[PDB]
Amino acid sequence: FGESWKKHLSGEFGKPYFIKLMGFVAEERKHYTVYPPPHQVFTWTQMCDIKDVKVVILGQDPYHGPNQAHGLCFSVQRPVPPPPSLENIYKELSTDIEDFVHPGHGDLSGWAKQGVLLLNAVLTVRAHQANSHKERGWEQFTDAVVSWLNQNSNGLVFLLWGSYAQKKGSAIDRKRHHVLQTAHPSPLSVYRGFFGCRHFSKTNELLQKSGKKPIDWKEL
Amino acid sequence: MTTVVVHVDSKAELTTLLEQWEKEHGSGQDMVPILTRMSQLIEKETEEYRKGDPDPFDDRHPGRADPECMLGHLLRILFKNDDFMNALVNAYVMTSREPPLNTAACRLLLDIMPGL
Amino acid sequence: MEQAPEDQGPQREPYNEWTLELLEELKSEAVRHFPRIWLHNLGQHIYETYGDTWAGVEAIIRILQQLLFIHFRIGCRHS
Amino acid sequence: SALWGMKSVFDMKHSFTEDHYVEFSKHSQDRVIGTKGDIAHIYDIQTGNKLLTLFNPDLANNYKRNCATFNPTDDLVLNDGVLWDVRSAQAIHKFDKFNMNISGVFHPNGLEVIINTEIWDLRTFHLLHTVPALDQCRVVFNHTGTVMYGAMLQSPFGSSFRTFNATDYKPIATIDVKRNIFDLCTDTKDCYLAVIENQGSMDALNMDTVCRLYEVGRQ
Amino acid sequence: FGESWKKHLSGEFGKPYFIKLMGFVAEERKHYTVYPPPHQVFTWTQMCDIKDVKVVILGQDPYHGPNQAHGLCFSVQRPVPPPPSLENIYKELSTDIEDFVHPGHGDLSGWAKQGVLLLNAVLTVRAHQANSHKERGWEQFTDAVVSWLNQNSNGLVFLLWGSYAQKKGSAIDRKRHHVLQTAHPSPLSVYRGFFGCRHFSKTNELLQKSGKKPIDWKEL
């Protein structure tokens, strides 16, 4: 776990739902298999810092199969064949990056050092089961993280694609930041809008409205 | 769009009337030589309405029917009175006894004769 | 020569209160015969179109009594 | 149900919390009968007490719309399709159920009983007749009792009328009223029909139910 | 209009929808009748100050009849017979205030000097018509006011009753403020929850968690 992340995240503990989270999910680790272990929950708070966060991309549900996911949202292990929606966001990357290189795998250890907050909303779910758990405390623990970054850190962006990400972080101001939303990256998302939009420039381009640490998509 | 007239702007001749009585909030004048235009502008507007040879079964308004001439351009303005000119129906009938005090009244209900 | 009788019946002078004494009662029987899906949805449909203006308040007591009459008339024991 | 008053002062002169359909007594109007479910209560008007409640659990038909009435001699009651002699509180004769809804009515001759489409006798209890055009219609007679009116209670309700004879039950007319008939009452002096008809389509959300007066016997 | 309100509301003008608002609604005043005049829009920014705002109560739609409303939400003129939902919130006030006095009218000039932000969301609608207008700019002009008060002023409360008020101001933090929501004050609100809840103590009571300028409900 990264200590400088909890420079002011000490106001994450003392709430009536936190001990509901780290004990019962540990109790779910003492009976069942919730899929991501404790040494993969803390990857996003270890690999990147909090000093350079520039893109906020949420994540709805983890990957219930064994030996697939590693904590980051829309992410999977490298020997896993790559997931289709992450294979679907690659399609717009060719049409906007002229120098399109190919990842060839599913580990997202290349964009994580850029300034993207690849956060799953509920970090752990069970093995072989998608949405078994109730709101055991993974939601508001992140809700106290997302809207907290509206105070201290700066330079974010919200590509809150899909109605699950629209409810969590919509009302954050548009003077300090920029919020652009469209259809889901999955091809199971009949009402279109994602299918050709050129949002992926606006990681490189909306930072020209700020002037902060730059981005290259092609770190793969 | 922007269908303007080649003659003098009759809507501006009506809007210049609209800045007088709406600013007559009891200003202390008698509108009887100014409200002749409310019969004179529309009969000038009626004098050119016979150009297209109209069908006389039009009990509706040309603001609903014929947007090509200056009748329907102007009937929608002073029919949409915003319950303000509708007070003059109440004012110059309940408080009307004198012949100038009906001159601003009886010429003008037939000026909204399709609107009546 | 028929003299219509004097209306000395039960009067309803607090119409802002007698409605409130009965608009709950109009809800107190429609839930006893119907699911609350249509009850909130038709109540929302008038509130988007009549609002808090008494023109939906009597109008829901129109529509509820117009249905609860005919739903006790078509031949459903409850619905 | 409420017995109001209509002389000159309008008041609930007696109150009932129980019955779904109240009805007078025909010849001597001092009795009001009313029926909840399968239980029918005889009331007085002077004091409003329960005079005699009649029901036999061993014998009821359990119709959907039970409406206990009187014969015009004020001696017999059709509760649940069972006759009832009101002299000594006994049952007389159950009928055979056929149509799940309608508990029957008396014909004004004092000779018959009209269950929904089956025409019975009062003293021999034999099925005289069966008119299939009486399929689930509420019946209204003339004051003289010389014609029967018919309005369908079928979902639509009453796409037409149904004019019957009171002697041989021959159909006279089915005049087509394009709207939906909901109720029907006629004059004592045989000149108008009070007709509650519904405007629009079959809409349970919007009901515009007007009253339209007809004239008897005019083209 | 109150000048100290616009101490920092000068960031309300320079957006692409503001001239869409004050011109077209003025154009709607130059053709039709939108019901509340310009000298009743500015009552909430005149009667109370911004230095004492403690309760935030939203308002969905104005009152389309002539000579009824005067700008504040859930509010109506004094000779108007009082509206039923405002007559419905009176019912809980008797069951919680033992000293229940009666307003007898519909003008809310008594609670406005307390610390309640009786704000309509869309301030103007047409005469005799409820929801004729499109989003002409009344919404985000208030959305830039509500979430702006999350920065400068302090001590608010959110009784965001009804789903129209839930979308606007939900995600404001619960460390600095307190958000309690229930069913609508209207009796047309079949799914119950408002019908006996004792929320009206928590104007007097949740300020004991803050310690600011007090409230009496009985100023009527």
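Think of it as A, B, C, D and E in the order they're written, each chain with its own count starting at 1.
Keep this in mind: a residue touches a chain if its C-beta (ideal position, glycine included) is under 8 Å from a C-beta of that chain, and two chains touch if they have at least 3 such contacts.
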item: Third chains touching both chain C and chain B; value: E
item: Per-chain Cα centre nearest the global Cα centre, belonging to chain; value: C
item: Most extensive contact between chains (C-beta pair count); value: C-E
item: Centre distance in Å when chain D and chain E are each reduced to the mean of their C-alpha atoms; value: 58
item: Length of the line joining the C-alpha centres of chain A and chain E, rounded to whole Å; value: 37
item: Rounded Å distance between chain B and chain D, as computed from the means of their C-alpha atoms; value: 64
item: Chain centre separation in whole Å, for chain C relative to chain A (CA means); value: 51
item: Listing of all chain pairs that touch each other, if any do; value: A-E, B-E, C-D, C-E
item: Residue numbers on chain A that touch chain E, as the complex places them; value: 11, 143, 147, 168-171, 173, 175
item: Contact footprint of chain C on chain D as seen in their complex; value: 4-12, 64, 101, 155, 204-205, 207
item: For the chain C and chain D complex, residues of the former touching the latter; value: 3, 5-10, 42, 63, 66-67, 70-71, 74-75
item: Chain E - residues contacting chain B, complex; value: 31-33, 66, 127
item: Contact set on chain C toward chain E in their complex; value: 16, 19-20, 23-24, 27, 31, 36, 39-40, 43, 46-54, 56-57, 60
